[PDB]
Structure formats: structure tokens, C-alpha cells
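First comes one chain, alone, set out as C-alpha cells in the form deposited in one PDB entry.
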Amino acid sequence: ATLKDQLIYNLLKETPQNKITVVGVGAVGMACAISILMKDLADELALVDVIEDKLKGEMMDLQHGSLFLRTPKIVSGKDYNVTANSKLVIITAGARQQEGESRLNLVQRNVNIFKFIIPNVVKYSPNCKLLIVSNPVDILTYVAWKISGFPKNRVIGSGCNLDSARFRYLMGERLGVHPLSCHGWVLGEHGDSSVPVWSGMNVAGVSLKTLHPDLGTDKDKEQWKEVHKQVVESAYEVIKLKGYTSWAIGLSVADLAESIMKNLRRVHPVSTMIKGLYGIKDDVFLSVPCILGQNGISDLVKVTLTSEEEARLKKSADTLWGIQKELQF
């Protein structure tokens, strides 16, 4: 005789079918959350962090916008049981490099955090895809793969996905064309060591390198190499200006989530286990174009690289392995 019962005759006393979890509710985690919500990718969104008030506040702020969304359940908690049955778990938590801190010790601190996060995630969603966004993303994708025990197709790092998107943005600005119609790939290690593959840059299938052979070289009077320099530094420039980056990474991560959740088999440059390619013999993750879908990475595109490009990926792999073999799991 409650109001609910006077109004509603229940037929069914009835698990989520398209659930995504975001771990970490810093600026990056919440940018991923809002972008996923506005793209209607999930029927349930779970948020996890260790700061309880901030977590609850973010969950409530999203819930209050429910009228404008098509995601009918948003939940959160410090307890990983709220993440149960996720198709996709996006990891954005972890430690930032501090003053005086080595890359090795920063990574070790993140190993120690992932040793708590990842087994809890795996416990409640043993068949999920893990999408690692935390930096340094290539090494932390390896760390998540090692700790989770997942097959390599289900452990994906966001890698050079945004680097590539920035590259196409800058390309489009130079040419006066939408980035959607400007094509070009940044591969390898995310960050300062990434590799712009000049041979693949094109508009409508017309090779810029063929039209303009000095493209990307020191002799280039248009200094197109400065485009890749800008890609590397634009992250730093945004951090210097507003303190951090968030929006572009959130959009780029939602794009990856779309391909996975909707089984699109679109090709994205993400970090994946690259052993066996380009002379690399160690268990390291680097960005190459991957086909993304329901089972994670199902296929790799084998981009033809020059000797110099290949040597740069090899050099990155050697460094990554050099750090990885010193980690304590």
C-alpha cells in the first residue's frame, strides 16, 4: 500500500549487459566517464577510487544528470564488488613522477598500486578487457598484463592513440582540412620517443612524402618535423597552462571504448605486446595499429618502417625492457 505499489504492478523481480568501470576519478578518469556517458556506450558505469568523499561526490554529480543520459545505472565504491561483470575496465589511477624521482622507482610505485587494483578487478570481472591509460602507459600495460594473467588480446594501453589524434589535428590546421580527412600515424613509445611515420601521411590517398620528398627531414623548408615536435610538447604545454590534460584523453579513450563495446574492428594505434616484430625479442608493449573489437586486440597491422624508424622502436623496446627487468612483482 506504498505509493510505489499503488502506482506500479510488478511482474518481475529481476546483471548488466554492457558495463564499463573507470578506476580513478581524477581529471582523466572523469573525462573518460563523461565522454563514455555522452556516447551511450554503457548500460551501467561504475567508478572506483580510494578517496571516498571525492568518489561519492563525482558519482552523485553524474547521477544528477541522468535525465540527460541513456545510462540507467551509475555506481561507485572503494570496494571492487561494484565493478562486477564489467565488459571493459579503464585504469587511470596511479602515481605521478615526483621531483628527484627516477623512472624505475616511479614505475615500481605504480606496480605496487596495480598489485592492489588489478587482482580486485580480475576477481569481479574475470573476462573483461583492461584498458590502461595511466602513465607511463607502455610499461604500465606490461605491468597490468603480468599481474592480471590475462591473454595479451585483453590488455590494451591507450598508447599513441591521442598522439596520433594530435598529429592529425595539427596536420589539418596546416592544410585547411578536417582531421577526419587527414591521415597519419604516430607509433612506438608514447611520449618523447614516439615515431611519426612520414610514409603513411596522406589526404585522400595522396602520399605527402611522395609529393614532397624532404618531408620530415632536416632539409625540409616547411619544417614538417616540427609537427611531431608539437605533438610531443603540446602535452607539456597544456600541463604548463591549465595544470594537467584531460579532455582530449577522455575523448580518445571513449573512441577506443566505442570500438571495443560495439565490436567495430576499427584500427587504432594502441599499446600492445610487440615481441616478434621489428627485431624485438623482449616482452614489451608499444603502439602499432591494432584492430579493436569485442575480444580486445584481435589483429595487428604490420606497418612498413624505414631502418631509422625501426631502430627507434628497437631502442625504445630495449629501454622499456631494461626498466621492466628491474621491477619487483
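Only residues modelled in both forms are compared. Residue indices: 1-based, along the sequence shown. Only the largest set of C-alpha atoms that superpose within 1.5 Å between the two forms is called the rigid core.
Coordinates are given for every residue of the deposited sequence from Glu308 through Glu309, so that no gap is recorded there. Here 127 to 135 and 100 to 108 are compared by their mean Cα B-factor, and 100 to 108 comes out higher.
For the segment pair 254 to 262 and 154 to 162, the entry gives 154 to 162 the higher mean B-factor, averaged over Cα atoms. Annotation for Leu67, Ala27, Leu277, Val284: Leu277 ranks highest, by Cα B-factor.
Comparing the C-alpha B-factors of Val186, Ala93, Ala248, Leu215 in the entry, the top value falls on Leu215.
When all modelled residues of the chain are sorted by CA temperature factor, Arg174 is found within the middle third. Placement of the Cα temperature factor of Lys221 within the chain: highest third of the modelled residues, per the deposited record. When the modelled residues of the chain are ordered by their C-alpha B factor, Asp40 lands in the lowest third. For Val288, the recorded CA B-factor ranks within the middle third of the chain. Only modelled residues enter the ranking. Split the chain's modelled residues into thirds by C-alpha temperature factor. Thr71 is in the lowest one.
One more form of this protein should be noted, the form deposited in another entry, which is absent from this view; the next part is about it.
Among the candidates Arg174, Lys78, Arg103, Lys229, the CA atom that moves 2 angstroms or more between the shown form and the other one after core superposition belongs to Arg103 alone. In sequence order, 96 to 105 is the sole run of at least 3 residues present in both forms whose Cα atoms shift by 2 Å or more between the shown form and the other one once the core is superposed.
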